[PDB]
Amino acid sequence: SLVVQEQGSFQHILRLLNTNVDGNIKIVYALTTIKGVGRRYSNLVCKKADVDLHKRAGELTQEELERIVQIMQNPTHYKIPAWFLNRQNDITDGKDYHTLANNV
Amino acid sequence: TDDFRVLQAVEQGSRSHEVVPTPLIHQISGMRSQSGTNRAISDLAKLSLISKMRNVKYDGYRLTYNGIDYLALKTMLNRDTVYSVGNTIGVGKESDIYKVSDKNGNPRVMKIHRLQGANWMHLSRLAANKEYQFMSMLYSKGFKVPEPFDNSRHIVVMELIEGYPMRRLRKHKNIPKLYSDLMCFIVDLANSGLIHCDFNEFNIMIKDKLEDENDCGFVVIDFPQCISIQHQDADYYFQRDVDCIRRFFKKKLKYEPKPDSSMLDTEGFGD
Amino acid sequence: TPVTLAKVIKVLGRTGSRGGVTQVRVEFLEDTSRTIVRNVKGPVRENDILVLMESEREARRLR
Amino acid sequence: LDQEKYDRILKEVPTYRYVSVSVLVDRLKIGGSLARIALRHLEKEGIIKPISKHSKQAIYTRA
Amino acid sequence: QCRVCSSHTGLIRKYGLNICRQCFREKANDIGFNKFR
RNA sequence: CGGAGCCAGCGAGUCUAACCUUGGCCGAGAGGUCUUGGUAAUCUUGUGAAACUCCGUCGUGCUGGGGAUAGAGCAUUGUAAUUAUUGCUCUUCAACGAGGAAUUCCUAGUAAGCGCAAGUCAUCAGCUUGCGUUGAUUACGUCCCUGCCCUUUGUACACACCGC
């Protein structure tokens, strides 16, 4: 494609949800680094956030990190239904949880 | 005492001729009547301790692997050894390894050798004697190695050692001293005049005493691979030992040598 | 490097311990007057061409 | 870091008589993914000339 | 389950005929599967 | 990995029962609903299998290889699924960087890779058998090892002495 070149402006290692993320992989496979989040989960989250996933995680603005975190604490409000989450139909609360990385 | 003595007598009625007929086992025993000899031979044959070869006009008795070890047990009743038999850990090629126990209750290792009529037995005997003498040479030189108890004509009974192989050992803290150890020990091998070509991961056995005093040792079992330095191909054998240590410490322990390793030309000024 | 060019003229049979090597009678290609006996590892039919290095070496038998 | 990786492609590709997928990652500046983006971009510019194209390896030539 | 002569050892359980491989080769010359090749 | 192309054959199928199922709607799927065809070279079936072909994503990093282990729920057969029968969804991502002493099988569509079908089948295979797709290397020599025999005949010391 078109070689879109950036004069610096990317950070090597970002940190999100209290966990270090390498800002050089694709954003799916850079957010796969944290616990409780796999390939298809980060993929569907960034498709609901409309993130270009052929772009690396160094070329990602923190506003999209805020969007990804908003889908983290709101998966069921952003049209990602109950089959896709970690703890569906709990016994303690009866709800559907997606247990995050450092909150296990 | 008496039945074991007569079974020792027919053991000694084997080193006279080839495949032994019936009246020689009658008369070498020198017992009273037809009863003891014939019912003993039938007890042998029903327990497969003896076999019948009937070559024309000629009865004969064929000893298999079964009816020997009792005498070895009797030979080891003489030498204070094993009372209880049987726990399978390892069925090797030229030996079958069992875990046994004495009257004292300590577990030991019983390597029976199966390498018929005389030659299977006798070559198992030569193998056991050769390995016992090699163990004696290693312990006399001072190599850390299991201590031999006895070599009951073709069955070697030795100690048990609390070790596990290095393939399941992730690393230790003192990796460069372990590399200097596994270099200097092959140096000591070349200073013995020998090269153990199978110096692999499954050979080297580590006993683990503590985590503070660090007073431990090693166990090296490479017996049908040790080759004298005078032979045709010992150069790359030594180099395979050195380089298997180095490639394991690069692959597993992620350690590269800062001092250069010894060559065969380095160790030619040794022994 | 002397590249000896050779000609298979007469096969002698199958030798070697494993029964793999072949004794081959050789017409030397550059000079017809040399007839050598050589040892060949591999399939050879009559009137084939070999590439030896020494015309002067001859080995009696093998085991 | 845009003006001190990108133009070395424009110096090296006219130097190299043979430009393919993994004889252009070898300069140790770039990844193996964006290298093919630079390949197609030099196709569009014209320094890279297509010889043959496959989905795993693509052969080109300098201009 | 052998429903013919109580001969569970080696039932041929295919197609419900349920004959043991001993008695199947007893009755092999009644069905027609015989030796050709 | 993500799309696309979509190539076979051996089988096998229901009665006094619930077999093989085409198609249509619902469900992310598992699956469910409604029927229809076939007792069979007819329907399932042209079994649109897998490996394969092409194009994009990846970029050598225990990696986007691996999928062991574990959590959560949802469905199917079974009276009964707990030590989970099994299927589906997300997550947790372990040893394992071509493997020792030693070991097995093999000469053309054979090996090897691949899946499918039939019996085990109430549910699943990593069990067994046949089928088809792609399709090497290298012998066509040997008794040198491993043995297996086939023989030839030096012979029984026809059982001798002893030291013991």
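Chain E is numbered as in Swiss-Prot; shown residues: 20-56, in order.
This deposition comes from electron microscopy, 3.5 Å.
Every residue, even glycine, has its Cβ placed from backbone N, Cα and C.
Annotated in Swiss-Prot:
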type	residues	note
BINDING	E:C21, E:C24, E:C39, E:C42	Zn(2+) binding site
MOD_RES	E:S25	phosphoserine
Q. Per DSSP, the residue listed as 'phosphoserine' is which: helix, strand or coil?
A. coil
Q) Which residues of the same chain, at least 6 positions away in sequence, have a Cβ lying under 8 Å from the Cβ of E:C42 (Zn(2+) binding site)? A) E:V23, E:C24, E:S26
Q: Based on Cβ atoms within 10 Å, give me the single least packed residue among the binding-site residues E:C24, E:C39.
A: E:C24
Q: Please work out the number of neighbouring Cβ atoms within 10 Å of the Cβ of E:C21 (Zn(2+) binding site), leaving out its own Cβ.
A: 15
Q | Zn(2+) site shell beyond E:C21, E:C24, E:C39, E:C42, criterion: Cβ within 8 Å of Cβ centroid | A | E:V23, E:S25, E:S26, E:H27, E:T28, E:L30, E:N37, E:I38, E:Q41, E:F43
Q. When you measure from the Cβ of E:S25 (phosphoserine), how many other Cβ atoms are you left with inside 10 Å?
A. 8
Q) In angstrom units, rounded to an integer, how far apart are the Cα atoms of E:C39 (Zn(2+) binding site) and the residue listed as 'phosphoserine'? A) 9
